[PDB]
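In order, the protein sequence lines correspond to chains L and R.
FYI, the numbering for the first sequence is 4 to 53, going by full-length UniProt numbering.
FYI, the numbering for the second sequence is 4 to 53, going by full-length UniProt numbering.
There are 2 protein chains.
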Amino acid sequence: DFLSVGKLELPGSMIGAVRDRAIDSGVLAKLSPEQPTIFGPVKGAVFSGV
Amino acid sequence: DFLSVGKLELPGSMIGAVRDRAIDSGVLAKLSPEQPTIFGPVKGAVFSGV
């Protein structure tokens, strides 16, 4: 029997907070550029083929 | 019959001590830098997912 370290219960040390994985914002912004418009339903014309 | 190197005893020569194959120090010293901390437990919090 003796005096141990567990009886002093030193808190220890904290590394800190860090993300598990790098956040994936998502594509669809690299393929097609954004087209910011005023609020309201948008509509246009589509013409395909010859 | 004659006087030989026998009946006498020569010590010889020592070519010094050496070791077979170089020692293998741990790899973790290369792959990752050491982070010295004060004695005690080491905690860490990670926030996961979006």
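Ideal placement from N, C-alpha and C gives every residue a C-beta, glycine not left out.
Item, Value
"Under 9 Å, do residue 19(L) and residue 44(R) count as touching if we go by C-beta distance?", "no"
"Report yes if the CB atom of residue 21(L) is closer than 9 Å to the CB atom of residue 47(R), and no otherwise.", "yes"
"Check whether the Cβ of residue 32(L) lies closer than 9 Å to any Cβ atom in chain R.", "no"
"Should residue 21(R) be flagged as near chain L, meaning a C-beta pair shorter than 9 Å?", "no"
"Quick one: give me the first and last residue of the beta strand (DSSP E) that residue 46(R) is part of.", "45-50"
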